Amino acid sequence: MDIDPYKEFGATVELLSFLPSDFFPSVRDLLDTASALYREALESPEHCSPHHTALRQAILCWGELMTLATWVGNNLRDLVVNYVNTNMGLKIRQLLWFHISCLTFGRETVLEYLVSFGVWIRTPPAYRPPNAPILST
Amino acid sequence: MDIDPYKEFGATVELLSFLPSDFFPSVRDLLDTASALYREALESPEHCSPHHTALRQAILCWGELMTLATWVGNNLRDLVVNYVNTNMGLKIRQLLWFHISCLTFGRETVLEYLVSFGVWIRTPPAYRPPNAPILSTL
Amino acid sequence: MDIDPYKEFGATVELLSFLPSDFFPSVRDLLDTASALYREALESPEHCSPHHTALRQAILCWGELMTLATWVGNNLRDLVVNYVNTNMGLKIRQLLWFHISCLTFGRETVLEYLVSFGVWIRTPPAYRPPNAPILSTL
Amino acid sequence: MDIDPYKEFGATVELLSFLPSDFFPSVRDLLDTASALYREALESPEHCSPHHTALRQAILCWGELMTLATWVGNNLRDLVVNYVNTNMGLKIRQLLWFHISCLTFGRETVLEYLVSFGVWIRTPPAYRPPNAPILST
Amino acid sequence: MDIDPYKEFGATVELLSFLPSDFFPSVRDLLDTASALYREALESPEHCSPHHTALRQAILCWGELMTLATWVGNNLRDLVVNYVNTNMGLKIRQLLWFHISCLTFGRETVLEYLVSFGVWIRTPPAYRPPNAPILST
Amino acid sequence: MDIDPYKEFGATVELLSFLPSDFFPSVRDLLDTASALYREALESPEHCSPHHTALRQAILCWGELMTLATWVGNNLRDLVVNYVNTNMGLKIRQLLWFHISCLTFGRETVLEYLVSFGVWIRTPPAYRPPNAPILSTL
């Protein structure tokens, strides 16, 4: 079956395909952003939103992938570090970026950001404004 | 930080720890159970439960884990598959079994069951009833 | 003076002497069980029960012995640990079995269980029914 | 699992470390004091307080600590006797002093005294009441 | 004990860890900004906000640190000037920047600025807009 | 500019000047007094007083000052410690004592006390009562 990670949140994997690969900050930057803002909330047992629930799972799913990559790098191997942190870690960098942005800025603002980034990224460089659109408030 | 994936649901990882390894069916058998009788719920964009939101992530995580075992397979190598499906896949099977059971039976059926299994399995086998507590709809 | 710790709970150490000594599961199995579903209430300052109040003191007493048991194994040696975790810890496992089950299953039900299990033990084994009485929530 | 045994009684382990350590009368004196005038209440099958329940564990814990320290002194062996009266003794000696005082004077009288006494010894002697405060009924 | 300087003001030391070290203007720039805007208010004995109270203390705490660094540089030593004005003075540059910003722009705007800066600072440089977000009104 | 840290509180630095050096306990003894019986207030994010806001800054300032004395210690050197804890630490001890006293006793108890100590200590010892005015709850 084809479980769309985003479809319940009003987005889709085609919609985050507007964002480039090297747009997402690294996993360490996301987790610090999650820890500085929602450390009491993610470890809270209260349901405030399903954004928290998809964030708790994705943090632990990254905790598995570093553990397996540690297991490979100690038993089998430097290419594996290059593979996981780039080609597999991008999908974690999508899910971490999405729910941290939705909890901070609202679901509605994020979905309008993906369209507004889409205009920017489709625009030819000669007519593209110099700064990328960035989320705030 | 330390995040308990069950703490939302009135359960803890210690409560799920008393279940043995073989209590869980194989990882394919959970996903087939998910895909057969919750597929119209999972692929729907409706938040029908916090379980459904939580459950979708587990498929996507396991499909991510099997991507690497496939990758390490034809790049380097089969001992890795013995490590994932056995040692690390149990955490997926805990995760998959728990939501599917809470979706099929309710939380209250499962959360009473994990206690009643806990008092069962902690008892030594000389004093233990020979039949394990099964999970029923009551 | 000799204080019976179970006396104020409708029990006595006679009634817990019905149980065989190996029936009580290991200390880690009890401590994880109180950490499973009572970790909130134990660290809570709310007087919820005397069973809480007793159980807080029993954990801290248990952690105090292991602090001294590792001290002798650091400064004098594991026969000491073999002495504690068999003989003095057996009295500790009696409390941790007691108050956990009285909170989880009701104090009245536990007191009936001690009587009902004693019937099962004092029955000669050839006429003993194969299932043991065990606590659950049916 | 971090349990502060005084937290339900409106104190902390820190607030009882706030007193000087030699302030606390000896463990033998505390065991005789509860046996003097609470012995019928401790042997009673009816708690009149959670203090009674908490205090009954404290003898039975200290029965275990003296048993083990005896057992080491039977077969090995006197470092342990001084050690258990250095760290393990003081924890019980705070604990036995607290509930015996709470059953005698009430909680609020004790808890105000703990604040009052530790300020008194942490006051320079020329600018304080001359004699130490002591508990009043 | 771990006294968080910011926790009562809705922020935390993890939240100002989003801001870089060389983002904060020097102590002389903050004190002139405090003197040009709040000289009558800081020396006023009226409580308008606890932001004033934490600002009066932090100004005097900097007045101590320059006095001690003057004392070292005249009695013991050029490395000390490099140490205090960088590694110790940063924490004063945090507290001075925070309360001057909160008194001028509102507490709510400052806390939304730290999140909005966090997006900017986590963003990869190729997709980062050229100007940093800056407070106004 | 010149900022009086006490002017908010109905006191001045001149009013706190009449207190001698030895009237204040040692700096550890103030912080231990703060940490023992106001720790749940200070570490809470609630503005319960302007004193609590003011008091938190003093710990953080003293921890900043002791960072340097530790730094000058293992870099260069012990005469500096004699300068901080004695000459400059008194300004911390004035600051720490004042809020802790105003929290424990009220402002009005302290502000009457600093006057009654002022008329006491300004009087020469031949005419002075031999007992210092102590600070009491009245």
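Each chain carries a letter (A, B, C, D, E and F) given by its place in the written order, and its residues are counted from 1.
Following the convention adopted for this analysis, a contact is a pair of C-beta atoms (placed from the backbone, for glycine too) under 8 Å apart; a residue touches a chain by one contact, two chains touch by 3 or more.
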Looking at D-F and A-E, which one has the bigger number of contacting C-beta pairs? A-E
Where chain D and chain E are represented by their mean Cα positions, the distance between them in whole Å: 46
So the centre of each chain is just the mean of its C-alpha atoms; given that, what is the distance between chain A and chain F in Å? 50
Where chain A and chain E are represented by their mean Cα positions, the distance between them in whole Å: 31
With chain centres defined as C-alpha means, what is the inter-centre distance between chain E and chain F in Å? 25
Set of chain C residues in contact with two or more other chains: 35, 39
So that chain C leads and chain D is second, what is the order of every chain round the ring? C, D, F, E, A, B
Can you list the residues on chain C that touch chain B in the complex? 20, 22-23, 25, 29, 32-33, 35-37, 39, 101, 104, 130-132, 134-138
Residues of chain E that touch chain F when the two form their complex: 1-5, 7-8, 10, 35, 39, 42-43, 45, 47, 50, 53-54, 56-61, 64-65, 67-69, 71-72, 75-77, 79-80, 83-84, 88, 91-92
What residues of chain B sit close enough to touch chain C in their complex? 12, 14-15, 17-18, 112, 115-116, 118-120, 122-124, 126-131, 133, 138
